[PDB]
Number of protein chains: 2
Amino acid sequence: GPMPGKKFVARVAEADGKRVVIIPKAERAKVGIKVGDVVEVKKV
Amino acid sequence: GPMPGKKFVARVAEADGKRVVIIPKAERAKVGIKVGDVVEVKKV
């Protein structure tokens with residue numbers, strides 16, 4: 001896959017009562033995310 | 001609120017067919033996230 005440490009920008013949303021960052025397929029491809037992967041979320 | 005640029009570690013999950021990072025209340029308090037806020041997600 002891609003090298004770790006790539007990032008993308010997103011917005012916190014509500015879904016099923018939870019506060020979530022929804023990750024689109026294209027962003028998963030760009031930064032190499034699969035379900036189960038550890039990520040870091042940083043407030044901007 | 002807190003200064004921007006704080007971060008926390010999480011795992012990508014599936015919820016309602018979407019790939020999401022679920023943000024618990026305590027992590028929202030630590031990094032100062034509200035619904036609607038812009039964040040950066042980085043693969044580790």
# chains A, B, ... in the order shown; residues from 1 in each chain; ligands from 1
>>> residues_around(residues="residue 34 (chain B)", least_positions_apart="3", cutoff="9 Å", atoms="only C-alpha atoms", output="PDB file with N, CA, C and O atoms, in the first residue's frame")
ATOM      1  N   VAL A  12     -16.227  16.445  11.379  1.00  0.00           N
ATOM      2  CA  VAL A  12     -16.973  15.623  12.311  1.00  0.00           C
ATOM      3  C   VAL A  12     -18.463  15.756  12.020  1.00  0.00           C
ATOM      4  O   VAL A  12     -18.990  16.875  11.896  1.00  0.00           O
ATOM      5  N   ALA A  13     -19.140  14.615  11.910  1.00  0.00           N
ATOM      6  CA  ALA A  13     -20.564  14.546  11.621  1.00  0.00           C
ATOM      7  C   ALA A  13     -21.254  13.709  12.688  1.00  0.00           C
ATOM      8  O   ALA A  13     -20.613  13.085  13.529  1.00  0.00           O
ATOM      9  N   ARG A  19     -20.747  10.596  17.126  1.00  0.00           N
ATOM     10  CA  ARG A  19     -19.927  11.613  16.484  1.00  0.00           C
ATOM     11  C   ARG A  19     -18.830  10.885  15.721  1.00  0.00           C
ATOM     12  O   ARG A  19     -18.060  10.123  16.321  1.00  0.00           O
TER      13      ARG A  19
ATOM     14  N   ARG B  28     -13.490  14.010  22.467  1.00  0.00           N
ATOM     15  CA  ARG B  28     -13.979  15.321  22.055  1.00  0.00           C
ATOM     16  C   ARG B  28     -13.612  16.383  23.079  1.00  0.00           C
ATOM     17  O   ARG B  28     -13.220  17.499  22.711  1.00  0.00           O
ATOM     18  N   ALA B  29     -13.716  16.059  24.372  1.00  0.00           N
ATOM     19  CA  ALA B  29     -13.357  17.023  25.406  1.00  0.00           C
ATOM     20  C   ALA B  29     -11.853  17.285  25.420  1.00  0.00           C
ATOM     21  O   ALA B  29     -11.415  18.441  25.521  1.00  0.00           O
ATOM     22  N   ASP B  37     -16.822  20.407  13.216  1.00  0.00           N
ATOM     23  CA  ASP B  37     -15.413  20.857  13.220  1.00  0.00           C
ATOM     24  C   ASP B  37     -14.574  20.109  12.178  1.00  0.00           C
ATOM     25  O   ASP B  37     -14.758  18.972  11.954  1.00  0.00           O
TER      26      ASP B  37
END
>>> closest_atom_pairs(of="chain A", to="chain B", cutoff="7 Å", atoms="only C-alpha atoms", output="CSV")
residue,atom,partner,partner_atom,distance
A:4,CA,B:44,CA,5.5
A:5,CA,B:43,CA,5.0
A:6,CA,B:42,CA,5.6
A:7,CA,B:42,CA,4.2
A:8,CA,B:41,CA,5.6
A:9,CA,B:40,CA,4.6
A:10,CA,B:39,CA,5.5
A:11,CA,B:38,CA,4.4
A:12,CA,B:35,CA,5.1
A:13,CA,B:35,CA,5.4
A:14,CA,B:35,CA,6.8
A:18,CA,B:22,CA,6.8
A:19,CA,B:23,CA,5.5
A:20,CA,B:22,CA,4.5
A:21,CA,B:21,CA,5.0
A:22,CA,B:20,CA,4.5
A:23,CA,B:19,CA,5.5
A:31,CA,B:43,CA,6.5
A:33,CA,B:43,CA,6.7
A:35,CA,B:12,CA,5.1
A:36,CA,B:12,CA,5.1
A:37,CA,B:11,CA,5.4
A:38,CA,B:11,CA,4.4
A:39,CA,B:43,CA,4.6
A:40,CA,B:9,CA,4.6
A:41,CA,B:41,CA,4.6
A:42,CA,B:7,CA,4.2
A:43,CA,B:39,CA,4.6
A:44,CA,B:39,CA,5.3
>>> write_last_selection(atoms="N, CA and C atoms", output="short mmCIF file (atom, residue, chain, number, x, y, z; two decimals), in the first residue's frame")
data_model
loop_
_atom_site.label_atom_id
_atom_site.label_comp_id
_atom_site.auth_asym_id
_atom_site.auth_seq_id
_atom_site.Cartn_x
_atom_site.Cartn_y
_atom_site.Cartn_z
N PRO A 4 2.84 5.08 5.26
CA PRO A 4 2.03 5.64 6.34
C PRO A 4 2.31 7.12 6.54
N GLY A 5 1.39 7.78 7.23
CA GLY A 5 1.53 9.18 7.53
C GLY A 5 0.86 10.13 6.56
N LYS A 6 0.17 9.61 5.54
CA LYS A 6 -0.63 10.49 4.70
C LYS A 6 -1.88 10.92 5.45
N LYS A 7 -2.45 12.04 5.00
CA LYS A 7 -3.56 12.62 5.73
C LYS A 7 -4.59 13.20 4.78
N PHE A 8 -5.78 13.42 5.32
CA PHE A 8 -6.82 14.14 4.61
C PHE A 8 -7.64 14.94 5.61
N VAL A 9 -8.40 15.86 5.08
CA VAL A 9 -9.21 16.79 5.86
C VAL A 9 -10.66 16.34 5.79
N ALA A 10 -11.35 16.45 6.91
CA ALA A 10 -12.72 15.98 7.01
C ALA A 10 -13.45 16.80 8.06
N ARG A 11 -14.72 16.54 8.16
CA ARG A 11 -15.53 17.21 9.18
C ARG A 11 -16.18 16.18 10.09
N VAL A 12 -16.23 16.44 11.38
CA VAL A 12 -16.97 15.62 12.31
C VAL A 12 -18.46 15.76 12.02
N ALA A 13 -19.14 14.62 11.91
CA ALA A 13 -20.56 14.55 11.62
C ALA A 13 -21.25 13.71 12.69
N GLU A 14 -22.58 13.68 12.64
CA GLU A 14 -23.38 12.80 13.48
C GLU A 14 -23.97 11.71 12.61
N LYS A 18 -23.89 8.86 16.96
CA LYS A 18 -22.47 8.92 17.26
C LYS A 18 -21.83 10.11 16.55
N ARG A 19 -20.75 10.60 17.13
CA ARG A 19 -19.93 11.61 16.48
C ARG A 19 -18.83 10.89 15.72
N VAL A 20 -18.77 11.10 14.41
CA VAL A 20 -17.94 10.30 13.52
C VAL A 20 -17.24 11.18 12.50
N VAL A 21 -16.11 10.68 12.01
CA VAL A 21 -15.52 11.14 10.76
C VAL A 21 -15.79 10.07 9.71
N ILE A 22 -16.58 10.42 8.70
CA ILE A 22 -16.89 9.51 7.61
C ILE A 22 -15.76 9.57 6.60
N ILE A 23 -15.25 8.41 6.21
CA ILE A 23 -14.08 8.37 5.35
C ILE A 23 -14.52 7.86 3.98
N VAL A 31 -4.91 7.58 1.26
CA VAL A 31 -4.01 7.44 2.43
C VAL A 31 -3.78 5.98 2.82
N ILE A 33 -6.14 3.50 3.93
CA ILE A 33 -6.89 3.08 5.10
C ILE A 33 -7.77 1.89 4.74
N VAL A 35 -10.64 -0.81 6.97
CA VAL A 35 -11.31 -0.98 8.25
C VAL A 35 -10.40 -1.72 9.22
N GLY A 36 -10.33 -1.22 10.45
CA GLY A 36 -9.45 -1.79 11.45
C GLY A 36 -8.14 -1.05 11.64
N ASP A 37 -7.80 -0.20 10.69
CA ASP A 37 -6.51 0.52 10.76
C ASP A 37 -6.53 1.63 11.83
N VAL A 38 -5.41 1.78 12.46
CA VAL A 38 -5.17 2.84 13.46
C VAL A 38 -4.88 4.13 12.72
N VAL A 39 -5.55 5.17 13.15
CA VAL A 39 -5.36 6.53 12.61
C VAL A 39 -5.20 7.51 13.76
N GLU A 40 -4.73 8.70 13.42
CA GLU A 40 -4.65 9.85 14.35
C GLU A 40 -5.59 10.93 13.83
N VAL A 41 -6.45 11.45 14.68
CA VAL A 41 -7.35 12.55 14.38
C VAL A 41 -6.84 13.79 15.11
N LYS A 42 -6.65 14.85 14.37
CA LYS A 42 -6.13 16.12 14.91
C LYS A 42 -7.14 17.23 14.68
N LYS A 43 -7.47 17.96 15.72
CA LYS A 43 -8.30 19.14 15.50
C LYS A 43 -7.50 20.24 14.80
N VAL A 44 -8.12 20.86 13.80
CA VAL A 44 -7.47 21.94 13.06
C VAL A 44 -7.76 23.30 13.68
#
>>> select_by_dssp(residues="chain A", states="alpha helix (DSSP H)", output="PyMOL selection string")
chain A and resi 25-31
>>> select_by_dssp(residues="chain A", states="strand (DSSP E or B)", output="ChimeraX atom specification")
/A:7-15,18-22,38-43
>>> write_last_selection(atoms="C-alpha atoms", output="CSV table (one decimal), in the first residue's frame")
chain,number,residue,atom,x,y,z
A,7,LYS,CA,-3.6,12.6,5.7
A,8,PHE,CA,-6.8,14.1,4.6
A,9,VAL,CA,-9.2,16.8,5.9
A,10,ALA,CA,-12.7,16.0,7.0
A,11,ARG,CA,-15.5,17.2,9.2
A,12,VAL,CA,-17.0,15.6,12.3
A,13,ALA,CA,-20.6,14.5,11.6
A,14,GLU,CA,-23.4,12.8,13.5
A,15,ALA,CA,-24.5,9.3,12.4
A,18,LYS,CA,-22.5,8.9,17.3
A,19,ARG,CA,-19.9,11.6,16.5
A,20,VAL,CA,-17.9,10.3,13.5
A,21,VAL,CA,-15.5,11.1,10.8
A,22,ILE,CA,-16.9,9.5,7.6
A,38,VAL,CA,-5.2,2.8,13.5
A,39,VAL,CA,-5.4,6.5,12.6
A,40,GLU,CA,-4.6,9.8,14.4
A,41,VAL,CA,-7.4,12.6,14.4
A,42,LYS,CA,-6.1,16.1,14.9
A,43,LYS,CA,-8.3,19.1,15.5
